[PDB]
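To start, the structure under review is shown below, and the notes come after it.
Just so you know, all these numbers are worked out from the coordinates, no wet-lab data involved. Cβ placement follows ideal geometry from the backbone for every residue including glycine, while neighbour counts extend to all protein chains displayed.
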Amino acid sequence: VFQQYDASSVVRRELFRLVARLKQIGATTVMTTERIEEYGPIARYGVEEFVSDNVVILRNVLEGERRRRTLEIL
Amino acid sequence: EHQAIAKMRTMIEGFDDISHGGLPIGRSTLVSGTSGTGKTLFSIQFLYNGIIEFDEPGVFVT
Amino acid sequence: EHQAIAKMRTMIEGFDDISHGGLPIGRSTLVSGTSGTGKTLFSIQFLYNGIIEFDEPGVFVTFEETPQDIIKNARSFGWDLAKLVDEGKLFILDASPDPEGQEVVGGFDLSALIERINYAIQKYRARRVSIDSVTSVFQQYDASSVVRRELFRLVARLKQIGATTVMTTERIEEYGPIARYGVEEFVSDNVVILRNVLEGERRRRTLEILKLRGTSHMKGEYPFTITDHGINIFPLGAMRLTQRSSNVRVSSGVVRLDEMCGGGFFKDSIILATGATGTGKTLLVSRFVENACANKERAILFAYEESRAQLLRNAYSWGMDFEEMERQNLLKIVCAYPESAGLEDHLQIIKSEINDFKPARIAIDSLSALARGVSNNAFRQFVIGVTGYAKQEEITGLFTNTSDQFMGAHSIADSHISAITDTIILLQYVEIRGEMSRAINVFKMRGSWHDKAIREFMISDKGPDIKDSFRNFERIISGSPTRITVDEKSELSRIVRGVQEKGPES
Amino acid sequence: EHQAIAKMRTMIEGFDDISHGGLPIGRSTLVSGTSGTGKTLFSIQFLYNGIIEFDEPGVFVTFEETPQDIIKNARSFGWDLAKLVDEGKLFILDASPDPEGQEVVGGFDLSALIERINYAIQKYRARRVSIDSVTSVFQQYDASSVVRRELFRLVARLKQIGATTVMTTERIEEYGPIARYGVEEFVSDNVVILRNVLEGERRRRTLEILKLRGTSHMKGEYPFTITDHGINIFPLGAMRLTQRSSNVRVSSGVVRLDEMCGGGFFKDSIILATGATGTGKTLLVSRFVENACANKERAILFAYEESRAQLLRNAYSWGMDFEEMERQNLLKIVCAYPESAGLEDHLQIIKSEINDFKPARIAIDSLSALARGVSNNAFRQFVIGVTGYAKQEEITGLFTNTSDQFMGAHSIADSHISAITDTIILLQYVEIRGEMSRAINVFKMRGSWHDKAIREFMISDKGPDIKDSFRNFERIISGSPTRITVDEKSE
Ligand SMILES: Nc1ncnc2c1ncn2[C@@H]1O[C@H](COP(=O)(O)OP(=O)(O)OP(=O)(O)O)[C@@H](O)[C@H]1O
Ligand SMILES: Nc1ncnc2c1ncn2[C@@H]1O[C@H](COP(=O)(O)OP(=O)(O)OP(=O)(O)O)[C@@H](O)[C@H]1O
Ligand SMILES: Nc1ncnc2c1ncn2[C@@H]1O[C@H](COP(=O)(O)OP(=O)(O)OP(=O)(O)O)[C@@H](O)[C@H]1O
Ligand SMILES: Nc1ncnc2c1ncn2[C@@H]1O[C@H](COP(=O)(O)OP(=O)(O)OP(=O)(O)O)[C@@H](O)[C@H]1O
Ligand SMILES: Nc1ncnc2c1ncn2[C@@H]1O[C@H](COP(=O)(O)OP(=O)(O)OP(=O)(O)O)[C@@H](O)[C@H]1O
Ligand SMILES: [Mg+2]
Ligand SMILES: [Mg+2]
Ligand SMILES: [Mg+2]
Ligand SMILES: [Mg+2]
């Protein structure tokens, strides 16, 4: 959604907004973000981690031509 | 309430042990990962089991 | 105290030691860390403790988290911040944005905040202030130079107002810049860095005070865990060397052995048991613990290799009923895979269980089980921990270790947990006439004389029977000795012919 | 269509194994890689195979290379696209820029192209489409967010159109992001990464299917080669542990050995001969390969340590005439230094040459010669590939391994062949009275009973002459015996 022409700070707020309004609605939501480095930033803009109350990281680490899927609750 | 945070079971095999109960009720959970990691699936399955295990309707925004 | 700056205590277990007394009053501390490291908690605990322990009202400035949430989450550790906000001891100043807002407002609000805060401090007569996620505010659209100015101004007014402040900050790398804008580091009087290092799929949180303008403090990183009671720090390097030392002996659960040690182990002493897999360290452990219960003394048994069932199936087969030791509330067995956590966690669990049961004897079956994976230093740090806490707790202890190679092991411990140990019990397999016999040896004892022979020992249903030494043998330790004989048939009871009786009579 | 995802086979050697059936139909599959990875080739061979196998027309859209060249290059793999273009089976839709023009024509053309494209799809009744270097299009002056919308629009239209597309992208780092904008990743239903890794001055191209939305596939990287017949992928993990096993026996070339092996070598089995340098391995291989020509059966000899001519001399110097074997088209010698290829290429050459000569036996001289330089794991992965193919192909194979240390060697294979090999023949130097004498031993045989004695053997112009056991010695295996010369019972 923000991948139209935004920057971290603008992203951080938009997310804060969505997260908040959902809290008021009383919904137990699961949001999906994307990454680019298996061990780089937790999310695309380096700001989502700090705005979410909860964070799950799914990894697909390489290493020796094999792939190992893991899951972590940050 | 006036107690800790209550959780909601995901029924995803294992995840509810890892999360000591499941996802925190009334709140969102960010799930990220590179391409091909299981994000969408995690979300589909979370709604699903909610449906098929507690009859908790789910909305899927895509 | 010979420090030049006055400090205030966090009452956070372990922090006040690391900072040689707590946080400097009237000054500000940057607690910066990546995501989920314990920043809010630290700052929340910082105000709570100040209210619960010293009746010091506190102000909590929150930029992202909602006041209801700060209160909802704190119940995780059993804290009723609501009752305090109510008694008017705690005041949460909500400065979070609106779920339906605009854009632009991070400077005059920095002047409106200062004034808001001053108002709250004056109204509630506050002595401690926490500012959670200052970073999030410039996270509207700012650069390093603007941040430095606004942070300074804020911090500088706080100093004037007299307030002792804690400010939270974020960072993306565990080892790179201290805070986001690489400017916060230098504006703060003190800097505490919280990390959550990944490393081999495990997570290790540490706490480090980087700087304290005015006094000294412990340098480097310190392991810690967040539990139901908040942060819990282990200053493993602040552990002094002043353990009491008695000449009190105790039994090992094995009569012959006690003789071999010149009269049993010392109460105040770390015991080391090493031998090849199958030699029988675990038997002496069972025997060691049972004797603490045979004298009506408590004793814990942390198992990291055998299930709670097996430990009992095997224990019983050696006699000794563990079922009863448990009922008489005298013997407590733990059990856990070293993999089920990190040393820090493990060391604490141990510490905990030692308090909730006031043991007089502890046994860790297989240090080398905990040795799995962990680097050697991270392991030694643990061994210093368990061996240390016990020594100063007068708690006698038996530690087990499995040497990676049966027969031929050139060293006691592949880890060198040698100098850390007072008494060493060495078991090994001796190859005599196509068979694997056992051989036990009291390698070393610091205050005692102890027997110098490498005896042979059998394992029956009864337990460990310590026979004699293979005198007429060389290269013993090798694993496969050479039988040389200046005798053997020499006396002892020659008298040939009919010497025995058989099942009927004698 | 209320069923699982259905796949369309590419027919690209190995790819359909990995993707469990092939590319999903009606969906776009991103295939990115760094410069020179075989992206272009993949898409081509994808349409071509489509045509030449299921008569499914193909629409190839290029943005940089030119139609003349595309066809020009394809001839490198022995196929004429021109012909297919003629018969309207393939329509190369040129979309490259000319040496002259204007600018500020951003998303302006992505709309038109989606038209020119749907046209050629309808018009030719195309079922497969390949778009080469979509990337090179936005490489005009765009941002990550602009590229996602232009990409999504295209991918989307194509899915309505119902085509099974393949889009080529480019990367800059072998292991960094997936595509230039680190956005393509998330816009494609499927992502296949082509890599051209450069470790130790050597190059190794691998292919990986990062994801296939809606189905399963093989995970991780998979070695592949680019030959005259196109991309060739070896799914060394796909190979199954379902090899035929008989009780039929064969001769080792050495009568006395055959007895020690309790009746000979099993037709179905892997033979490993290990010993210090000079012990006689190359001899056994020599004798083994000869016995298969005495029975008029074909046998290949892949030598990696000696040359053609020298293999003959020494062979002839032990008897056996290799000169005849070659003429009688019953024996074939290959030879090549391990340094002349990667294991991926060798493993192929081996397989390739076995198909053009249908061997009943095979001898690789010096497994350890192929272990030279290559990592321990990248080697084992070569052993299984060679050991397996021969095993499921009913071929009897002999592999030679020089042990890094003469006398003292505390392990058969330094690299660890154990349990990958059926029969282990072990040669060792033995020092008896200031003299270097040999000794052969049948270490293990999974089927038969074989001899348990360590036998001394000599070498002459007649070949291996297995003598007796050092019965009266100790620490033979060690290599520096000690005769017991026991004074009997001393009366
Ligand atoms: N039936 C299945 N059996 C085994 N693996 C499957 C099956 N279905 C899907 N997969 C695997 O799961 C992956 C699907 O990922 P998914 O669509 O859940 O979300 P994602 O990769 O996190 O995000 P994105 O929407 O970018 O793909 C595939 O890449 C594939 O490897
Ligand atoms: N009762 C508890 N027992 C054990 N761990 C707990 C408990 N409550 C919270 N935690 C842990 O402490 C963490 C809470 O972090 P905290 O709220 O203190 O601030 P933070 O992680 O520093 O910053 P942020 O606001 O970005 O999350 C959780 O990630 C969780 O693992
Ligand atoms: N009932 C029994 N009767 C005779 N011998 C026994 C009996 N139980 C155990 N043993 C002997 O004791 C050994 C068991 O080893 P033990 O449990 O004492 O610990 P360990 O050898 O130090 O360490 P680990 O069990 O992890 O290898 C067996 O190898 C066996 O020879
Ligand atoms: N007959 C052939 N035998 C062996 N290798 C070949 C043959 N033809 C081409 N190649 C190899 O295949 C490669 C061709 O690459 P190709 O044109 O398919 O696209 P690409 O490398 O993916 O992308 P780009 O447009 O950047 O070149 C060459 O780099 C070359 O090494
Ligand atoms: N005509 C011959 N007469 C007697 N002995 C010979 C003759 N030719 C070769 N030999 C012996 O055989 C050995 C040659 O080794 P061979 O060709 O069998 O392979 P290898 O020892 O297994 O491996 P590599 O030669 O690569 O080290 C010589 O060391 C020598 O003792
Ligand atoms: Mg997804
Ligand atoms: Mg044991
Ligand atoms: Mg190309
Ligand atoms: Mg050779």
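Conditions (1) in a strand (DSSP E or B); (2) at the interface with another protein chain (Cβ under 10 Å from one of its Cβ atoms), marked per residue:
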site: D:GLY162; (1), (2): no, no
site: D:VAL166; (1), (2): yes, no
site: D:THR169; (1), (2): yes, no
site: D:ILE172; (1), (2): no, no
site: D:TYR175; (1), (2): no, yes
site: D:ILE178; (1), (2): no, yes
site: D:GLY182; (1), (2): no, yes
site: D:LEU198; (1), (2): yes, no
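When the residues of the stretch C:200-233 are filtered to those that are within 14 Å of chain A (Cβ to nearest Cβ) and in a strand (DSSP E or B), the one that is surrounded by the most Cβ atoms within 10 Å (Cβ to Cβ) is C:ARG205.
Matching residues to (1) surrounded by 19 or more Cβ atoms within 10 Å (Cβ to Cβ); (2) in a helix (DSSP H, G or I); (3) more than 8 Å from chain B (Cβ to nearest Cβ):
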position: A:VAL1; (1), (2), (3): no, no, yes
position: A:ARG17; (1), (2), (3): no, yes, yes
position: A:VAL47; (1), (2), (3): yes, no, yes
position: A:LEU58; (1), (2), (3): yes, no, no
position: A:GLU63; (1), (2), (3): no, no, yes
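Is it the case that C:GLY447 is surrounded by 10 or more Cβ atoms within 10 Å (Cβ to Cβ) and on the phi > 0 side of the Ramachandran plot? So C:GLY447 does not fit the description; no.
Are any residues in the stretch D:337-367 in contact with a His (Cβ under 8 Å, 6 or more places away or on another chain) and of a type in the set (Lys, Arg), and if so, which ones?
We begin by selecting, within the stretch D:337-367, every residue in contact with a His (Cβ under 8 Å, 6 or more places away or on another chain); these are D:338.
Correct list: empty.
Is it true that D:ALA112 is touching a residue at least 40 places away in the same chain (Cβ under 8 Å), among the small types (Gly, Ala, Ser), assigned to a helix (DSSP H, G or I) and more than 16 Å from ligand 6 (Cβ to nearest atom)?
When the stated conditions are applied, D:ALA112 does not pass them.
Tell me whether the stretch D:379-400 contains one or more residues that are closer than 24 Å to D:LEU301 by Cβ, of a type in the set (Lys, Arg), within 14 Å of another protein chain (Cβ to nearest Cβ) and more than 15 Å from ligand 5 (Cβ to nearest atom).
Keep residues of the stretch D:379-400 that are closer than 24 Å to D:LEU301 by Cβ, which gives D:379-400.
Retained after the next criterion (residues that are of a type in the set (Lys, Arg)): D:380, D:391.
Filter again for within 14 Å of another protein chain (Cβ to nearest Cβ), leaving D:380.
Narrowing further to those that are more than 15 Å from ligand 5 (Cβ to nearest atom): D:380.
Yes.
Scan the stretch C:391-404 for residues that are within 16 Å of ligand 7 (Cβ to nearest atom) and either out of contact with any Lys or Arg (no Cβ under 8 Å at 6 or more places or on another chain) or closer than 17 Å to C:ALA276 by Cβ (or both) and jot them down. Matches in the stretch C:391-404: C:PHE399, C:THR400, C:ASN401, C:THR402, C:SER403, C:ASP404. State which residue is nearest to the other protein chains (Cβ to nearest Cβ) when the search covers only the stretch B:4-15 and only residues that are in a loop (DSSP other than H, G, I, E, B) and buried (at least 17 other Cβ atoms within 10 Å of the Cβ). Residue satisfying both the conditions and the ranking: B:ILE5. When you check A:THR70 against the structure, is it β-branched (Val, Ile, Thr), outside any loop (DSSP other than H, G, I, E, B) and within 25 Å of D:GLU174 (Cβ to Cβ), yes or no? The answer is yes for A:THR70. Among residues of the stretch C:448-467 that are within 28 Å of C:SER245 (Cα to Cα), none has a beta-carbon under 8 Å from a residue that is within 16 Å of ligand 6 (Cβ to nearest atom) and not in a loop (DSSP other than H, G, I, E, B) at least six positions away or on a different chain. Right, C:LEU81: under 21 Å from C:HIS229 (Cβ atoms), under 26 Å from the mean Cα position of the chain (by Cα) and buried (at least 16 other Cβ atoms within 10 Å of the Cβ) or not? Criteria not met by C:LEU81. Within the stretch D:139-150, identify whether any single residue is surrounded by 14 or more Cβ atoms within 10 Å (Cβ to Cβ), of a type in the set (A, V, I, L, M, F, W, C) and in a strand (DSSP E or B), and answer yes or no. Checked the stretch D:139-150: no residue is surrounded by 14 or more Cβ atoms within 10 Å (Cβ to Cβ), of a type in the set (A, V, I, L, M, F, W, C) and in a strand (DSSP E or B). When restricted to residues that are over 19 Å from C:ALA419 (Cα atoms) and under 15 Å from the mean Cα position of the chain (by Cα), the stretch C:371-406 contains 2.
Can you say whether D:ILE271 is among the β-branched types (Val, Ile, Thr), over 24 Å from D:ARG27 (Cα atoms), out of contact with any helix residue (DSSP H, G or I) (no Cβ under 7 Å at 6 or more places or on another chain) and more than 14 Å from chain B (Cβ to nearest Cβ), as far as the supplied structure shows? Criteria met by D:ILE271.
Name the single residue, out of those in the stretch A:26-45 being within 10 Å of the chain's Cα centre (by Cα) and part of a loop (DSSP other than H, G, I, E, B), that is nearest to B:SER19 (Cα to Cα). My answer is A:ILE42. With respect to the stated conditions, C:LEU23 fails to be over 26 Å from the mean Cα position of the chain (by Cα) and either within 14 Å of chain A (Cβ to nearest Cβ) or in contact (Cβ under 8 Å) with a residue 24 or more places away in the chain (or both).
Checked against the criterion of being within 14 Å of another protein chain (Cβ to nearest Cβ), surrounded by fewer than 21 Cβ atoms within 10 Å (Cβ to Cβ) and not small (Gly, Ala, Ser), the stretch D:404-424 has at least one qualifying residue.
Checking the structure you have, find out if any residue of the stretch A:30-39 is of a type in the set (A, V, I, L, M, F, W, C) and more than 7 Å from chain B (Cβ to nearest Cβ).
Scanning the stretch A:30-39, I find no residue that is of a type in the set (A, V, I, L, M, F, W, C) and more than 7 Å from chain B (Cβ to nearest Cβ), so the answer is no.
Can you tell which of C:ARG446, C:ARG438 is more than 23 Å from C:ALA303 (Cβ to Cβ) and of a type in the set (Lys, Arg)? Show your work before the answer.
Working: C:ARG438 fails: more than 23 Å from C:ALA303 (Cβ to Cβ).
Just a single option satisfies the conditions, and that option is C:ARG446.
Output yes when any residue across the stretch D:452-460 is assigned to a loop (DSSP other than H, G, I, E, B), under 30 Å from D:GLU297 (Cα atoms) and touching a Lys or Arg at 6+ places or on another chain (Cβ under 6 Å), and no when none is. No, the stretch D:452-460 contains no residue that is assigned to a loop (DSSP other than H, G, I, E, B), under 30 Å from D:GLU297 (Cα atoms) and touching a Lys or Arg at 6+ places or on another chain (Cβ under 6 Å). For the stretch D:86-96, taking the residues that are touching a residue at least 12 places away in the same chain (Cβ under 8 Å) and surrounded by fewer than 17 Cβ atoms within 10 Å (Cβ to Cβ), the one that is nearest to D:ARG127 (Cα to Cα) is identified as D:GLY88.
In the stretch D:165-188, the residue that is nearest to ligand 2 (Cβ to nearest atom) out of those that are surrounded by fewer than 19 Cβ atoms within 10 Å (Cβ to Cβ) and either under 23 Å from D:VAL59 (Cα atoms) or β-branched (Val, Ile, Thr) (or both) is D:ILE172.
Looking at the stretch D:419-439, can you tell me whether even one residue there is touching a residue at least 60 places away in the same chain (Cβ under 8 Å), over 26 Å from D:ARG372 (Cβ atoms) and either out of contact with any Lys or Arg (no Cβ under 9 Å at 6 or more places or on another chain) or part of a loop (DSSP other than H, G, I, E, B) (or both)? Scanning the stretch D:419-439, I find no residue that is touching a residue at least 60 places away in the same chain (Cβ under 8 Å), over 26 Å from D:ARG372 (Cβ atoms) and either out of contact with any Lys or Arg (no Cβ under 9 Å at 6 or more places or on another chain) or part of a loop (DSSP other than H, G, I, E, B) (or both), so the answer is no.
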